[PDB]
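Engineer: Below you'll find start-v2.pdb; it's PDB, C-alpha atoms and all ligand atoms.
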```pdb
ATOM      1  CA  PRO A   1       0.000   0.000   0.000  1.00  0.00           C
ATOM      2  CA  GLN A   2       0.785   3.710   0.130  1.00  0.00           C
ATOM      3  CA  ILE A   3       0.813   5.380   3.547  1.00  0.00           C
ATOM      4  CA  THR A   4       0.630   9.151   3.769  1.00  0.00           C
ATOM      5  CA  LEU A   5       2.212  10.976   6.695  1.00  0.00           C
ATOM      6  CA  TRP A   6      -0.619  13.272   7.812  1.00  0.00           C
ATOM      7  CA  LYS A   7      -0.881  11.050  10.888  1.00  0.00           C
ATOM      8  CA  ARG A   8       1.513   8.650  12.549  1.00  0.00           C
ATOM      9  CA  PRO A   9       2.173   5.610  10.267  1.00  0.00           C
ATOM     10  CA  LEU A  10       0.734   3.062  12.695  1.00  0.00           C
ATOM     11  CA  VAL A  11       0.125  -0.501  11.491  1.00  0.00           C
ATOM     12  CA  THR A  12      -0.807  -3.820  13.057  1.00  0.00           C
ATOM     13  CA  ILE A  13       2.031  -6.309  13.487  1.00  0.00           C
ATOM     14  CA  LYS A  14       2.116  -9.929  14.634  1.00  0.00           C
ATOM     15  CA  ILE A  15       5.026 -11.014  16.839  1.00  0.00           C
ATOM     16  CA  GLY A  16       5.339 -14.035  19.102  1.00  0.00           C
ATOM     17  CA  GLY A  17       1.717 -14.953  18.475  1.00  0.00           C
ATOM     18  CA  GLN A  18       0.481 -11.505  19.535  1.00  0.00           C
ATOM     19  CA  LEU A  19      -0.954  -8.510  17.694  1.00  0.00           C
ATOM     20  CA  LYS A  20       0.399  -5.029  18.415  1.00  0.00           C
ATOM     21  CA  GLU A  21       0.427  -1.571  16.836  1.00  0.00           C
ATOM     22  CA  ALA A  22       3.747  -0.100  15.697  1.00  0.00           C
ATOM     23  CA  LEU A  23       5.112   2.844  13.729  1.00  0.00           C
ATOM     24  CA  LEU A  24       6.801   2.329  10.376  1.00  0.00           C
ATOM     25  CA  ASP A  25       9.863   4.386  11.309  1.00  0.00           C
ATOM     26  CA  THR A  26      12.493   5.216   8.692  1.00  0.00           C
ATOM     27  CA  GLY A  27      14.438   7.025  11.424  1.00  0.00           C
ATOM     28  CA  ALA A  28      14.915   3.871  13.518  1.00  0.00           C
ATOM     29  CA  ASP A  29      17.928   1.730  12.624  1.00  0.00           C
ATOM     30  CA  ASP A  30      16.430  -1.245  14.463  1.00  0.00           C
ATOM     31  CA  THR A  31      12.970  -2.340  15.537  1.00  0.00           C
ATOM     32  CA  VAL A  32      12.101  -1.558  19.176  1.00  0.00           C
ATOM     33  CA  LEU A  33       8.987  -2.876  20.917  1.00  0.00           C
ATOM     34  CA  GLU A  34       7.267  -2.303  24.254  1.00  0.00           C
ATOM     35  CA  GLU A  35       8.128  -4.629  27.136  1.00  0.00           C
ATOM     36  CA  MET A  36       7.015  -8.156  26.280  1.00  0.00           C
ATOM     37  CA  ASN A  37       8.110 -11.552  27.586  1.00  0.00           C
ATOM     38  CA  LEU A  38       9.612 -13.228  24.528  1.00  0.00           C
ATOM     39  CA  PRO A  39      11.207 -16.672  24.990  1.00  0.00           C
ATOM     40  CA  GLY A  40      14.806 -17.361  24.070  1.00  0.00           C
ATOM     41  CA  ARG A  41      18.167 -15.826  24.838  1.00  0.00           C
ATOM     42  CA  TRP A  42      18.963 -12.142  24.407  1.00  0.00           C
ATOM     43  CA  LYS A  43      21.822  -9.658  24.658  1.00  0.00           C
ATOM     44  CA  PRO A  44      21.829  -6.354  26.599  1.00  0.00           C
ATOM     45  CA  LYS A  45      21.968  -3.172  24.549  1.00  0.00           C
ATOM     46  CA  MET A  46      21.446   0.565  24.910  1.00  0.00           C
ATOM     47  CA  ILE A  47      19.857   2.680  22.174  1.00  0.00           C
ATOM     48  CA  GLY A  48      19.879   6.460  22.042  1.00  0.00           C
ATOM     49  CA  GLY A  49      17.694   9.200  20.665  1.00  0.00           C
ATOM     50  CA  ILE A  50      16.098  12.462  21.692  1.00  0.00           C
ATOM     51  CA  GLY A  51      16.304  12.598  25.481  1.00  0.00           C
ATOM     52  CA  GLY A  52      19.127  10.061  25.830  1.00  0.00           C
ATOM     53  CA  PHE A  53      19.292   6.280  26.035  1.00  0.00           C
ATOM     54  CA  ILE A  54      17.145   3.372  27.198  1.00  0.00           C
ATOM     55  CA  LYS A  55      18.232  -0.170  28.033  1.00  0.00           C
ATOM     56  CA  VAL A  56      16.742  -2.893  25.830  1.00  0.00           C
ATOM     57  CA  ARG A  57      16.945  -6.649  25.329  1.00  0.00           C
ATOM     58  CA  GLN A  58      18.149  -7.680  21.870  1.00  0.00           C
ATOM     59  CA  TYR A  59      16.478 -10.762  20.408  1.00  0.00           C
ATOM     60  CA  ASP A  60      17.719 -12.019  17.041  1.00  0.00           C
ATOM     61  CA  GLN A  61      15.894 -13.836  14.237  1.00  0.00           C
ATOM     62  CA  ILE A  62      12.438 -12.891  15.516  1.00  0.00           C
ATOM     63  CA  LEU A  63       9.550 -13.435  13.102  1.00  0.00           C
ATOM     64  CA  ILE A  64       7.241 -10.451  12.571  1.00  0.00           C
ATOM     65  CA  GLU A  65       4.314 -10.022  10.186  1.00  0.00           C
ATOM     66  CA  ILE A  66       3.649  -6.422   9.115  1.00  0.00           C
ATOM     67  CA  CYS A  67       0.433  -5.965   7.109  1.00  0.00           C
ATOM     68  CA  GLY A  68       0.648  -9.570   5.979  1.00  0.00           C
ATOM     69  CA  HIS A  69       4.285  -9.119   4.919  1.00  0.00           C
ATOM     70  CA  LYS A  70       6.590 -11.475   6.782  1.00  0.00           C
ATOM     71  CA  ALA A  71      10.019 -10.524   8.074  1.00  0.00           C
ATOM     72  CA  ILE A  72      12.541 -12.018  10.473  1.00  0.00           C
ATOM     73  CA  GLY A  73      15.336 -10.193  12.234  1.00  0.00           C
ATOM     74  CA  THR A  74      16.493  -8.286  15.272  1.00  0.00           C
ATOM     75  CA  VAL A  75      13.858  -7.035  17.724  1.00  0.00           C
ATOM     76  CA  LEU A  76      14.831  -4.849  20.692  1.00  0.00           C
ATOM     77  CA  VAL A  77      12.506  -5.019  23.715  1.00  0.00           C
ATOM     78  CA  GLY A  78      12.420  -2.387  26.434  1.00  0.00           C
ATOM     79  CA  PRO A  79      10.624   0.555  28.074  1.00  0.00           C
ATOM     80  CA  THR A  80      10.097   2.405  24.823  1.00  0.00           C
ATOM     81  CA  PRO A  81       7.249   4.961  24.731  1.00  0.00           C
ATOM     82  CA  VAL A  82       6.188   3.572  21.327  1.00  0.00           C
ATOM     83  CA  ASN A  83       6.618   0.495  19.155  1.00  0.00           C
ATOM     84  CA  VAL A  84       8.684   1.237  16.044  1.00  0.00           C
ATOM     85  CA  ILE A  85       9.433  -0.991  13.074  1.00  0.00           C
ATOM     86  CA  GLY A  86      12.943   0.052  12.057  1.00  0.00           C
ATOM     87  CA  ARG A  87      14.885  -0.205   8.827  1.00  0.00           C
ATOM     88  CA  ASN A  88      16.202  -3.688   9.662  1.00  0.00           C
ATOM     89  CA  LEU A  89      12.673  -4.997   9.024  1.00  0.00           C
ATOM     90  CA  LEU A  90      11.288  -2.285   6.718  1.00  0.00           C
ATOM     91  CA  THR A  91      13.797  -3.325   4.050  1.00  0.00           C
ATOM     92  CA  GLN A  92      12.479  -6.887   4.300  1.00  0.00           C
ATOM     93  CA  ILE A  93       8.890  -5.852   3.461  1.00  0.00           C
ATOM     94  CA  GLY A  94       9.964  -3.713   0.494  1.00  0.00           C
ATOM     95  CA  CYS A  95       9.225  -0.366   2.146  1.00  0.00           C
ATOM     96  CA  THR A  96      10.454   2.808   0.439  1.00  0.00           C
ATOM     97  CA  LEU A  97      10.130   6.542   0.928  1.00  0.00           C
ATOM     98  CA  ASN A  98       8.745   8.313  -2.130  1.00  0.00           C
ATOM     99  CA  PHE A  99       8.404  11.958  -3.096  1.00  0.00           C
TER     100      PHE A  99
ATOM    101  CA  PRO B   1      12.726   9.996  -5.884  1.00  0.00           C
ATOM    102  CA  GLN B   2      12.297   6.523  -4.390  1.00  0.00           C
ATOM    103  CA  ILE B   3      14.532   5.864  -1.379  1.00  0.00           C
ATOM    104  CA  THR B   4      15.248   2.376  -0.087  1.00  0.00           C
ATOM    105  CA  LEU B   5      16.151   1.792   3.551  1.00  0.00           C
ATOM    106  CA  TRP B   6      19.265  -0.407   3.506  1.00  0.00           C
ATOM    107  CA  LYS B   7      21.097   2.659   4.821  1.00  0.00           C
ATOM    108  CA  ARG B   8      19.909   5.683   6.749  1.00  0.00           C
ATOM    109  CA  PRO B   9      17.723   7.927   4.519  1.00  0.00           C
ATOM    110  CA  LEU B  10      20.030  10.919   4.859  1.00  0.00           C
ATOM    111  CA  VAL B  11      19.532  13.895   2.553  1.00  0.00           C
ATOM    112  CA  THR B  12      21.026  17.335   2.109  1.00  0.00           C
ATOM    113  CA  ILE B  13      18.838  20.203   3.298  1.00  0.00           C
ATOM    114  CA  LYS B  14      19.168  23.967   2.921  1.00  0.00           C
ATOM    115  CA  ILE B  15      18.077  26.100   5.877  1.00  0.00           C
ATOM    116  CA  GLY B  16      18.937  29.711   6.669  1.00  0.00           C
ATOM    117  CA  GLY B  17      21.181  29.719   3.615  1.00  0.00           C
ATOM    118  CA  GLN B  18      23.257  26.793   4.904  1.00  0.00           C
ATOM    119  CA  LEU B  19      23.590  23.192   3.740  1.00  0.00           C
ATOM    120  CA  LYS B  20      23.134  20.369   6.240  1.00  0.00           C
ATOM    121  CA  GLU B  21      22.596  16.618   6.264  1.00  0.00           C
ATOM    122  CA  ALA B  22      19.370  15.335   7.802  1.00  0.00           C
ATOM    123  CA  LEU B  23      17.487  12.091   8.370  1.00  0.00           C
ATOM    124  CA  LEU B  24      14.055  11.507   6.842  1.00  0.00           C
ATOM    125  CA  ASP B  25      12.258  10.278   9.953  1.00  0.00           C
ATOM    126  CA  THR B  26       8.692   9.006   9.565  1.00  0.00           C
ATOM    127  CA  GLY B  27       8.616   8.272  13.309  1.00  0.00           C
ATOM    128  CA  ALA B  28       9.127  11.948  14.161  1.00  0.00           C
ATOM    129  CA  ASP B  29       6.046  14.162  14.349  1.00  0.00           C
ATOM    130  CA  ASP B  30       8.271  17.238  14.301  1.00  0.00           C
ATOM    131  CA  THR B  31      11.522  18.404  12.731  1.00  0.00           C
ATOM    132  CA  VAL B  32      14.428  18.742  15.173  1.00  0.00           C
ATOM    133  CA  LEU B  33      17.847  20.067  14.155  1.00  0.00           C
ATOM    134  CA  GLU B  34      21.114  20.244  16.051  1.00  0.00           C
ATOM    135  CA  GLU B  35      22.244  23.505  17.621  1.00  0.00           C
ATOM    136  CA  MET B  36      22.572  26.226  14.992  1.00  0.00           C
ATOM    137  CA  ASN B  37      22.036  29.942  14.466  1.00  0.00           C
ATOM    138  CA  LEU B  38      18.698  30.616  12.784  1.00  0.00           C
ATOM    139  CA  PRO B  39      17.455  34.125  11.917  1.00  0.00           C
ATOM    140  CA  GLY B  40      13.967  34.736  13.258  1.00  0.00           C
ATOM    141  CA  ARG B  41      12.004  34.856  16.491  1.00  0.00           C
ATOM    142  CA  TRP B  42      11.891  31.697  18.584  1.00  0.00           C
ATOM    143  CA  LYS B  43      10.061  30.405  21.639  1.00  0.00           C
ATOM    144  CA  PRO B  44      11.307  27.792  24.129  1.00  0.00           C
ATOM    145  CA  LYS B  45       9.530  24.447  24.022  1.00  0.00           C
ATOM    146  CA  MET B  46       9.878  20.865  25.235  1.00  0.00           C
ATOM    147  CA  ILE B  47       9.964  17.792  22.996  1.00  0.00           C
ATOM    148  CA  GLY B  48      10.065  14.142  24.062  1.00  0.00           C
ATOM    149  CA  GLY B  49      11.893  11.259  22.420  1.00  0.00           C
ATOM    150  CA  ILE B  50      12.796   7.657  23.207  1.00  0.00           C
ATOM    151  CA  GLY B  51      15.002   8.675  26.131  1.00  0.00           C
ATOM    152  CA  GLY B  52      13.048  11.553  27.634  1.00  0.00           C
ATOM    153  CA  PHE B  53      12.453  15.242  27.046  1.00  0.00           C
ATOM    154  CA  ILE B  54      14.754  18.035  25.880  1.00  0.00           C
ATOM    155  CA  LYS B  55      14.544  21.815  25.686  1.00  0.00           C
ATOM    156  CA  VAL B  56      14.388  23.223  22.154  1.00  0.00           C
ATOM    157  CA  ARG B  57      13.957  26.574  20.455  1.00  0.00           C
ATOM    158  CA  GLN B  58      10.829  26.593  18.287  1.00  0.00           C
ATOM    159  CA  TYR B  59      11.117  28.543  15.019  1.00  0.00           C
ATOM    160  CA  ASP B  60       7.844  28.886  13.118  1.00  0.00           C
ATOM    161  CA  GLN B  61       7.327  29.336   9.371  1.00  0.00           C
ATOM    162  CA  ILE B  62      10.961  28.640   8.452  1.00  0.00           C
ATOM    163  CA  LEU B  63      11.928  28.075   4.827  1.00  0.00           C
ATOM    164  CA  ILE B  64      13.685  24.735   4.352  1.00  0.00           C
ATOM    165  CA  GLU B  65      14.570  22.892   1.138  1.00  0.00           C
ATOM    166  CA  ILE B  66      14.793  19.100   1.411  1.00  0.00           C
ATOM    167  CA  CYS B  67      16.479  17.353  -1.518  1.00  0.00           C
ATOM    168  CA  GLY B  68      15.329  20.100  -3.863  1.00  0.00           C
ATOM    169  CA  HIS B  69      11.803  20.326  -2.418  1.00  0.00           C
ATOM    170  CA  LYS B  70      10.660  23.465  -0.622  1.00  0.00           C
ATOM    171  CA  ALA B  71       8.841  23.441   2.704  1.00  0.00           C
ATOM    172  CA  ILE B  72       7.886  26.228   5.096  1.00  0.00           C
ATOM    173  CA  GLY B  73       7.097  25.178   8.627  1.00  0.00           C
ATOM    174  CA  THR B  74       8.114  24.642  12.209  1.00  0.00           C
ATOM    175  CA  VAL B  75      11.719  23.723  13.021  1.00  0.00           C
ATOM    176  CA  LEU B  76      12.895  22.829  16.523  1.00  0.00           C
ATOM    177  CA  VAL B  77      16.551  23.485  17.392  1.00  0.00           C
ATOM    178  CA  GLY B  78      18.211  21.682  20.262  1.00  0.00           C
ATOM    179  CA  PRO B  79      20.397  18.802  21.463  1.00  0.00           C
ATOM    180  CA  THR B  80      19.061  16.091  19.185  1.00  0.00           C
ATOM    181  CA  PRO B  81      21.478  13.234  18.382  1.00  0.00           C
ATOM    182  CA  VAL B  82      20.976  13.900  14.649  1.00  0.00           C
ATOM    183  CA  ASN B  83      19.066  16.258  12.369  1.00  0.00           C
ATOM    184  CA  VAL B  84      15.655  14.670  11.756  1.00  0.00           C
ATOM    185  CA  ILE B  85      13.036  15.748   9.225  1.00  0.00           C
ATOM    186  CA  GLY B  86       9.666  14.862  10.731  1.00  0.00           C
ATOM    187  CA  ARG B  87       6.189  14.473   9.318  1.00  0.00           C
ATOM    188  CA  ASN B  88       5.336  18.177   9.595  1.00  0.00           C
ATOM    189  CA  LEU B  89       7.720  18.747   6.667  1.00  0.00           C
ATOM    190  CA  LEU B  90       7.602  15.318   5.015  1.00  0.00           C
ATOM    191  CA  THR B  91       3.925  15.932   4.237  1.00  0.00           C
ATOM    192  CA  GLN B  92       4.810  19.264   2.617  1.00  0.00           C
ATOM    193  CA  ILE B  93       7.228  17.680   0.129  1.00  0.00           C
ATOM    194  CA  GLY B  94       4.677  14.972  -0.633  1.00  0.00           C
ATOM    195  CA  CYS B  95       6.523  12.091   1.013  1.00  0.00           C
ATOM    196  CA  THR B  96       4.749   8.746   1.446  1.00  0.00           C
ATOM    197  CA  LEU B  97       5.676   5.261   2.596  1.00  0.00           C
ATOM    198  CA  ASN B  98       5.175   2.492   0.047  1.00  0.00           C
ATOM    199  CA  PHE B  99       5.497  -1.288   0.135  1.00  0.00           C
TER     200      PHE B  99
HETATM  201  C1  LIG A 101      15.711  10.294  16.808  1.00  0.00           C
HETATM  202  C2  LIG A 101      15.979   9.206  15.740  1.00  0.00           C
HETATM  203  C3  LIG A 101      17.343   9.425  15.007  1.00  0.00           C
HETATM  204  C4  LIG A 101      15.916   7.793  16.331  1.00  0.00           C
HETATM  205  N1  LIG A 101      14.578   7.495  16.867  1.00  0.00           N
HETATM  206  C5  LIG A 101      13.416   7.173  15.901  1.00  0.00           C
HETATM  207  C6  LIG A 101      12.489   8.420  15.774  1.00  0.00           C
HETATM  208  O1  LIG A 101      11.596   8.222  14.739  1.00  0.00           O
HETATM  209  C7  LIG A 101      11.732   8.647  17.092  1.00  0.00           C
HETATM  210  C8  LIG A 101      10.697   7.565  17.391  1.00  0.00           C
HETATM  211  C9  LIG A 101       9.810   7.946  18.581  1.00  0.00           C
HETATM  212  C10 LIG A 101       8.465   8.333  18.378  1.00  0.00           C
HETATM  213  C11 LIG A 101       7.659   8.684  19.471  1.00  0.00           C
HETATM  214  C12 LIG A 101       8.176   8.653  20.748  1.00  0.00           C
HETATM  215  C13 LIG A 101       9.514   8.273  20.953  1.00  0.00           C
HETATM  216  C14 LIG A 101      10.324   7.920  19.857  1.00  0.00           C
HETATM  217  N2  LIG A 101      10.989   9.868  16.927  1.00  0.00           N
HETATM  218  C15 LIG A 101      11.255  11.067  17.717  1.00  0.00           C
HETATM  219  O2  LIG A 101      12.085  11.089  18.575  1.00  0.00           O
HETATM  220  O3  LIG A 101      10.459  12.157  17.381  1.00  0.00           O
HETATM  221  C16 LIG A 101      10.364  13.276  18.232  1.00  0.00           C
HETATM  222  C17 LIG A 101      10.318  14.580  17.211  1.00  0.00           C
HETATM  223  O4  LIG A 101       9.073  14.534  16.701  1.00  0.00           O
HETATM  224  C18 LIG A 101       8.181  14.011  17.887  1.00  0.00           C
HETATM  225  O5  LIG A 101       7.376  13.127  17.492  1.00  0.00           O
HETATM  226  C19 LIG A 101       7.756  11.721  18.214  1.00  0.00           C
HETATM  227  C20 LIG A 101       8.578  11.996  19.212  1.00  0.00           C
HETATM  228  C21 LIG A 101       9.197  13.328  18.896  1.00  0.00           C
HETATM  229  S1  LIG A 101      14.540   6.625  18.356  1.00  0.00           S
HETATM  230  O6  LIG A 101      13.154   6.427  18.850  1.00  0.00           O
HETATM  231  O7  LIG A 101      15.222   7.356  19.415  1.00  0.00           O
HETATM  232  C22 LIG A 101      15.335   5.021  18.001  1.00  0.00           C
HETATM  233  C23 LIG A 101      16.683   4.875  18.128  1.00  0.00           C
HETATM  234  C24 LIG A 101      17.261   3.643  17.837  1.00  0.00           C
HETATM  235  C25 LIG A 101      16.466   2.590  17.413  1.00  0.00           C
HETATM  236  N3  LIG A 101      17.073   1.266  17.096  1.00  0.00           N
HETATM  237  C26 LIG A 101      15.106   2.757  17.279  1.00  0.00           C
HETATM  238  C27 LIG A 101      14.532   3.968  17.566  1.00  0.00           C
END
```
What is this file in structure tokens?
Ligand SMILES: CC(C)CN(C[C@@H](O)[C@H](Cc1ccccc1)NC(=O)O[C@H]1CO[C@H]2OCC[C@H]21)S(=O)(=O)c1ccc(N)cc1

Structural biologist:
Amino acid sequence: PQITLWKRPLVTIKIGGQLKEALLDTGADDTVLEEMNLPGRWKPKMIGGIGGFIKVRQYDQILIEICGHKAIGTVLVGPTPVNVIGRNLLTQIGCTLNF
Amino acid sequence: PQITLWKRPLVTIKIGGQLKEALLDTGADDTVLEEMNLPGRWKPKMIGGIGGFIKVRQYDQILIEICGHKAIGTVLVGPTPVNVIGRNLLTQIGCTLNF
């Protein structure tokens, strides 16, 4: 589809057998999701933006479905104010910016 | 143009007669630039990101050219980790997400 930017580009995703809402975020290097109890091992990481850094748990090779498009890759989990699908997964669904 | 997301969607912008590099950021409502001298009146404001809130100077109705596309709108100046072009200007240059 085509998504205009009048409002936040929020879409439904499916991750770990759960449905959530997330932003399609071209400004996010990596996908970051609200606190959720995913199984498997993980690695500590800190990610920075406006306001400073938050601590997140890095899970690798996580399957996510974004508008029926499947992708699998890194998912960071932590106390983020919003769920963002970052470029690491946006590339996998064929997402481009166009003007 | 059509911009893929294998690397950061960085573009050259012109603001206040100066060239700068900036990130096309669909997850940003607003446009936030690093500390710089901008001609015009400004008001102090707060803006919140992934790591908390920062103090910015709000400049209204500023001319800004993004990759050869003119916009006139609000620009926030403050200690952002990187220059981000948010939706308030992305809409003006006709930017959409497509997949
Ligand atoms: C600042 C960017 C270079 C990086 N950010 C993505 C960006 O889209 C955030 C994503 C975002 C969105 C909402 C809340 C927090 C973070 N937007 C943002 O900070 O925008 C602010 C300016 O406009 C306002 O509108 C939203 C917040 C304000 S980030 O959230 O900090 C981030 C950093 C690293 C990763 N892997 C993922 C995300």

Engineer: Please produce chain B as a PDB file with C-alpha atoms, in the coordinates of the input once it has been superposed on chain A, the fit using all Cα atoms paired in sequence order.

Structural biologist:
```pdb
ATOM      1  CA  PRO B   1       0.170  -0.412   0.024  1.00  0.00           C
ATOM      2  CA  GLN B   2       0.837   3.327  -0.212  1.00  0.00           C
ATOM      3  CA  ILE B   3       0.667   5.128   3.138  1.00  0.00           C
ATOM      4  CA  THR B   4       0.295   8.887   3.424  1.00  0.00           C
ATOM      5  CA  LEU B   5       1.567  10.745   6.477  1.00  0.00           C
ATOM      6  CA  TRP B   6      -1.302  12.994   7.591  1.00  0.00           C
ATOM      7  CA  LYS B   7      -1.547  10.696  10.615  1.00  0.00           C
ATOM      8  CA  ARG B   8       0.981   8.449  12.297  1.00  0.00           C
ATOM      9  CA  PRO B   9       1.805   5.435  10.054  1.00  0.00           C
ATOM     10  CA  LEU B  10       0.607   2.902  12.611  1.00  0.00           C
ATOM     11  CA  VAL B  11       0.142  -0.711  11.540  1.00  0.00           C
ATOM     12  CA  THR B  12      -0.784  -3.988  13.175  1.00  0.00           C
ATOM     13  CA  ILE B  13       2.101  -6.409  13.667  1.00  0.00           C
ATOM     14  CA  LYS B  14       2.199 -10.043  14.766  1.00  0.00           C
ATOM     15  CA  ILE B  15       5.103 -11.095  16.989  1.00  0.00           C
ATOM     16  CA  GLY B  16       5.423 -14.148  19.221  1.00  0.00           C
ATOM     17  CA  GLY B  17       1.866 -15.058  18.281  1.00  0.00           C
ATOM     18  CA  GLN B  18       0.486 -11.737  19.544  1.00  0.00           C
ATOM     19  CA  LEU B  19      -1.006  -8.743  17.744  1.00  0.00           C
ATOM     20  CA  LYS B  20       0.361  -5.269  18.444  1.00  0.00           C
ATOM     21  CA  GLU B  21       0.229  -1.783  16.964  1.00  0.00           C
ATOM     22  CA  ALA B  22       3.508  -0.265  15.797  1.00  0.00           C
ATOM     23  CA  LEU B  23       4.848   2.845  14.086  1.00  0.00           C
ATOM     24  CA  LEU B  24       6.640   2.639  10.739  1.00  0.00           C
ATOM     25  CA  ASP B  25       9.682   4.742  11.603  1.00  0.00           C
ATOM     26  CA  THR B  26      12.130   5.565   8.807  1.00  0.00           C
ATOM     27  CA  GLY B  27      14.228   7.535  11.313  1.00  0.00           C
ATOM     28  CA  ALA B  28      14.873   4.419  13.405  1.00  0.00           C
ATOM     29  CA  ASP B  29      17.800   2.207  12.420  1.00  0.00           C
ATOM     30  CA  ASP B  30      16.458  -0.544  14.667  1.00  0.00           C
ATOM     31  CA  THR B  31      13.122  -1.962  15.788  1.00  0.00           C
ATOM     32  CA  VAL B  32      12.239  -1.246  19.425  1.00  0.00           C
ATOM     33  CA  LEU B  33       9.110  -2.612  21.106  1.00  0.00           C
ATOM     34  CA  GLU B  34       7.599  -1.910  24.500  1.00  0.00           C
ATOM     35  CA  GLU B  35       8.094  -4.349  27.360  1.00  0.00           C
ATOM     36  CA  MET B  36       6.741  -7.781  26.456  1.00  0.00           C
ATOM     37  CA  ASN B  37       7.443 -11.477  26.918  1.00  0.00           C
ATOM     38  CA  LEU B  38       9.265 -12.908  23.908  1.00  0.00           C
ATOM     39  CA  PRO B  39      10.308 -16.575  23.633  1.00  0.00           C
ATOM     40  CA  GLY B  40      13.977 -16.916  22.761  1.00  0.00           C
ATOM     41  CA  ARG B  41      17.430 -16.045  24.041  1.00  0.00           C
ATOM     42  CA  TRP B  42      18.236 -12.374  24.536  1.00  0.00           C
ATOM     43  CA  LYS B  43      21.262 -10.234  25.318  1.00  0.00           C
ATOM     44  CA  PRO B  44      21.286  -6.847  27.082  1.00  0.00           C
ATOM     45  CA  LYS B  45      22.138  -3.868  24.901  1.00  0.00           C
ATOM     46  CA  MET B  46      22.002  -0.073  24.881  1.00  0.00           C
ATOM     47  CA  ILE B  47      20.174   2.041  22.301  1.00  0.00           C
ATOM     48  CA  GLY B  48      20.141   5.833  22.005  1.00  0.00           C
ATOM     49  CA  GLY B  49      17.284   8.089  20.958  1.00  0.00           C
ATOM     50  CA  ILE B  50      16.454  11.793  20.943  1.00  0.00           C
ATOM     51  CA  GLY B  51      16.516  11.991  24.739  1.00  0.00           C
ATOM     52  CA  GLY B  52      19.394   9.683  25.607  1.00  0.00           C
ATOM     53  CA  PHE B  53      20.104   5.987  25.979  1.00  0.00           C
ATOM     54  CA  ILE B  54      18.015   3.121  27.351  1.00  0.00           C
ATOM     55  CA  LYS B  55      18.656  -0.500  28.271  1.00  0.00           C
ATOM     56  CA  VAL B  56      16.970  -3.044  25.998  1.00  0.00           C
ATOM     57  CA  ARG B  57      16.858  -6.796  25.535  1.00  0.00           C
ATOM     58  CA  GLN B  58      18.132  -7.766  22.082  1.00  0.00           C
ATOM     59  CA  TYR B  59      16.325 -10.698  20.438  1.00  0.00           C
ATOM     60  CA  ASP B  60      17.918 -11.889  17.200  1.00  0.00           C
ATOM     61  CA  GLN B  61      16.252 -13.634  14.252  1.00  0.00           C
ATOM     62  CA  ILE B  62      12.695 -13.058  15.497  1.00  0.00           C
ATOM     63  CA  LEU B  63       9.749 -13.712  13.197  1.00  0.00           C
ATOM     64  CA  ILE B  64       7.548 -10.631  12.832  1.00  0.00           C
ATOM     65  CA  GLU B  65       4.707  -9.953  10.387  1.00  0.00           C
ATOM     66  CA  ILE B  66       4.100  -6.292   9.529  1.00  0.00           C
ATOM     67  CA  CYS B  67       0.793  -5.552   7.799  1.00  0.00           C
ATOM     68  CA  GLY B  68       0.795  -9.008   6.242  1.00  0.00           C
ATOM     69  CA  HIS B  69       4.495  -8.955   5.303  1.00  0.00           C
ATOM     70  CA  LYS B  70       6.929 -11.353   6.950  1.00  0.00           C
ATOM     71  CA  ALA B  71      10.298 -10.306   8.338  1.00  0.00           C
ATOM     72  CA  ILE B  72      12.869 -12.157  10.428  1.00  0.00           C
ATOM     73  CA  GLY B  73      15.369 -10.010  12.255  1.00  0.00           C
ATOM     74  CA  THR B  74      16.525  -8.209  15.349  1.00  0.00           C
ATOM     75  CA  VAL B  75      13.950  -6.831  17.793  1.00  0.00           C
ATOM     76  CA  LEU B  76      14.877  -4.711  20.808  1.00  0.00           C
ATOM     77  CA  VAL B  77      12.538  -4.785  23.820  1.00  0.00           C
ATOM     78  CA  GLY B  78      12.572  -1.999  26.366  1.00  0.00           C
ATOM     79  CA  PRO B  79      11.060   1.256  27.644  1.00  0.00           C
ATOM     80  CA  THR B  80      10.408   2.923  24.309  1.00  0.00           C
ATOM     81  CA  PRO B  81       7.563   5.482  24.242  1.00  0.00           C
ATOM     82  CA  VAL B  82       5.926   3.541  21.381  1.00  0.00           C
ATOM     83  CA  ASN B  83       6.517   0.422  19.301  1.00  0.00           C
ATOM     84  CA  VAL B  84       8.663   1.473  16.331  1.00  0.00           C
ATOM     85  CA  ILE B  85       9.482  -0.580  13.242  1.00  0.00           C
ATOM     86  CA  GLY B  86      12.920   0.545  12.091  1.00  0.00           C
ATOM     87  CA  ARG B  87      14.844   0.194   8.865  1.00  0.00           C
ATOM     88  CA  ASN B  88      16.261  -3.236   9.732  1.00  0.00           C
ATOM     89  CA  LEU B  89      12.751  -4.620   9.144  1.00  0.00           C
ATOM     90  CA  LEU B  90      11.368  -1.985   6.768  1.00  0.00           C
ATOM     91  CA  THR B  91      13.973  -3.070   4.211  1.00  0.00           C
ATOM     92  CA  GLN B  92      12.845  -6.690   4.578  1.00  0.00           C
ATOM     93  CA  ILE B  93       9.228  -5.903   3.660  1.00  0.00           C
ATOM     94  CA  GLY B  94      10.424  -3.797   0.735  1.00  0.00           C
ATOM     95  CA  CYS B  95       9.440  -0.410   2.142  1.00  0.00           C
ATOM     96  CA  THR B  96      10.600   2.755   0.364  1.00  0.00           C
ATOM     97  CA  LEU B  97       9.977   6.476   0.670  1.00  0.00           C
ATOM     98  CA  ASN B  98       8.489   8.159  -2.391  1.00  0.00           C
ATOM     99  CA  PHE B  99       7.698  11.751  -3.324  1.00  0.00           C
TER     100      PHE B  99
END
```

Engineer: What does the structure give for the distance between atom CA of residue 15 of chain A and atom CA of residue 71 of chain A, in Å to one decimal?

Structural biologist: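 Interatomic distance here is 10.1 Å.
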
Engineer: The centre and edge lengths of an axis-aligned box containing all atoms of segment 78-93 of chain B present in the file, extended by 6 Å on each side, are to be given in Å to one decimal, as JSON.

Structural biologist:
```
{"center_x": 12.7, "center_y": 17.5, "center_z": 10.8, "size_x": 29.6, "size_y": 20.4, "size_z": 33.3}
```
